[PDB]
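Here the Cβ positions follow ideal geometry from the backbone for every residue, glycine too, while neighbour counts run over all protein chains shown. Values in this text are rule-based calculations from the coordinates and carry no lab data.
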There are 2 protein chains.
Amino acid sequence: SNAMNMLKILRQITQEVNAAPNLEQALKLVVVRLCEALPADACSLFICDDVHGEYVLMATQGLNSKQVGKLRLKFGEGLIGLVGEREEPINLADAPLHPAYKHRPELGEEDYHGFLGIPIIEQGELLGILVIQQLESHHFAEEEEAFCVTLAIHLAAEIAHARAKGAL
Amino acid sequence: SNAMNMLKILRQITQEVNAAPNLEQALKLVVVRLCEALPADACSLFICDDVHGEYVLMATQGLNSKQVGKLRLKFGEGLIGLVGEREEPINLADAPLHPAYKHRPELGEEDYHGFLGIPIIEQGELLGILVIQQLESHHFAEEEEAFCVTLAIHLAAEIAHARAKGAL
Ligand code: NA
Ligand code: NA
């Protein structure tokens, strides 16, 4: 178990997020840091676009960078949609085997298996989704999930603040 | 070692702080939660009053509640002053034995020994001090310090935000 590491990683990243000059920088910092520190092979952050009923990719490490600001996933659909509707984490060892998973080989991404999807919720309002993936067919351990969930609370506040300032 | 607990406590308190309706409520929540969860016997939060060059007590669990908003300590003085000037944590098993400690028996508080003083710093600017005390003559373990430091980053942001909104 690596809970002590998680704690110090949280310390460093909480520091870096609060020092970030804007929301975009905070999000981009997080996906990179998570992959480096957990470690994990991909990390993506989606923000809700309530008018169009879609999640929009807003930061990624591991995925095609051009998809940032462009990749849209419909509310309620797929595994990521399921995370959003449950408003609970989904932690799996082999995501592609889940009945809700939508396989998109055309996108030319790596073959991930391990999956941790975490709802980003501000006082009961879903604002986005944090998605962590790895090549190994392993779920994420307890301290990893706790770390990511605790982090998502911070991300929710940062997104809410950006929205409240008209920065989105 | 109780790092896994710290991680989940952080999860719950980070949640509660972000859900707090104002700064005062966040601060009061923190001092109570820290004492319950670590556990510790007293926890106090001071905010810098730069005009008068004093730390002002703004929340406490364990100390005389009437001192809140009233107790003032001069910059640079005593152990708490030393935490502020070092901008580093001071973690001791027996605070009263430290050369910088100022004993105030007249205040009628409990005889604490273990001491963790943590600077609350927002992007290099000292905003306050978090002080955790216990009756046992034990310093605070690594996960306890990491927990409290990580928390203080959150507190710094909350104080900075309140100041920026004119709420202080
Ligand atoms: Na959804
Ligand atoms: Na000082």
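Can you work out the base-10 log of I(q)/I(0) for segment B:70-166 at q = 0.11, 0.15, 0.20 1/Å, using the Debye formula on its C-alpha atoms alone? For segment B:70-166, the Cα-only Debye profile gives -0.34, -0.62, -1.04.
Estimated from helical segments only, the mean residue ellipticity of chain B at 222 nm is -12500 deg cm²/dmol, where each DSSP H run of four or more residues counts as -39500 (n - 2.57). Averaged over peptide A:147-157, the number of partner chain Cβ atoms lying within 10 Å of each residue's Cβ comes to 5.
P(r) tail for segment B:61-125, what percent of Cα pairs lie past 18 Å? For segment B:61-125, the share of Cα pairs beyond 18 Å comes to 43 percent.
Each copy carries a label point for B:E142 at 7 Å from Cα along the beta-carbon vector; from one copy to the others these points are 2.0 nm apart, nearest first. Our summary gives chain A a relative contact order of 21 percent, counting only alpha carbon pairs under 8 angstrom and 6 or more residues apart. Along the axis of the charge dipole computed for chain B (Cβ charges of +1 for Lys and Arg, -1 for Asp and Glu, origin at the Cα centre), the listed residues B:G81, B:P96, B:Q67 are led at the positive end by B:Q67.
Under a 5 Å amide H cut-off, with hydrogens placed 1.01 Å from N, B:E122 pairs with B:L127 among residues at least 5 apart or on other chains. About its Cα centre, segment B:14-62 has a charge dipole of approximately 180 debye under the convention of +1 per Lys or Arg Cβ and -1 per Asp or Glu Cβ, with nothing else charged. Placing +1 on the Cβ of every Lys and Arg and -1 on the Cβ of every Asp and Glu, with no other charges, gives the protein assembly as shown a dipole of roughly 860 debye about its Cα centre.
Think of each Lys and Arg Cβ as +1 and each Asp and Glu Cβ as -1; about the Cα centre, that makes the dipole of chain A roughly 520 debye.
Taking 22 Å as the straight-line reach from the Cα of B:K28, the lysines in range (excluding those fewer than 8 positions away in the same chain) are B:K8, B:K66, B:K70, B:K165. Taking amide H positions as modeled 1.01 Å from N, with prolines and chain starts lacking one, the residues under 5 Å from A:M58 and 5 or more places away or on another chain are A:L45, A:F46, A:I47, A:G69.
Couplings for segment A:127-140, taken from phi via the Karplus curve 6.51 cos²θ - 1.76 cosθ + 1.60 with θ = phi - 60°, read 10, x, 9, 9, 10, 10, 9, 9, 5, 5, 7, 10, 6, 8 Hz in order; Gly and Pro are left as x.
Looking down the axis that turns chain A into chain B, the chain A residue with its beta carbon nearest that axis, and the gap rounded to whole angstrom, comes out as A:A3, 2.
From the alpha carbon centroid of segment A:112-168 to that of segment B:10-75 is 28 Å. Relative to the other identical copies, B:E106 shows label-point distances of 8.0 nm, where the label point lies 7 Å from Cα along the Cβ direction and values run shortest first. The overall shape of segment B:1-80, judged from the alpha-carbon gyration tensor, is prolate: a/c is not under 1.5, and a/b is greater than b/c.
For segment A:38-54, backbone phi angles converted through the Karplus equation (6.51, -1.76, 1.60; θ = phi - 60°) give residue-by-residue couplings of 4, x, 9, 9, 8, 8, 10, 10, 10, 10, 5, 10, 5, 4, 9, x, 9 Hz, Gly and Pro being listed as x.
Solvent-free Debye calculation, one equal scatterer per alpha-carbon of the protein assembly as shown: log10 I(q)/I(0) at 0.08, 0.09, 0.11, 0.15 Å⁻¹ equals -0.42, -0.52, -0.73, -1.17. Among rounded, prolate and oblate, which fits segment A:1-144 when a ≥ b ≥ c are the square roots of the eigenvalues of its C-alpha gyration tensor, a/c under 1.5 means rounded, and a/b larger than b/c means prolate? Here segment A:1-144 falls in the rounded category. Between copies, how far does the label point of B:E85 sit from its twins, in nm, shortest first, when each point is 7 Å from Cα along Cα→Cβ? Sorted ascending, the copy-to-copy spacings read 6.2 nm.
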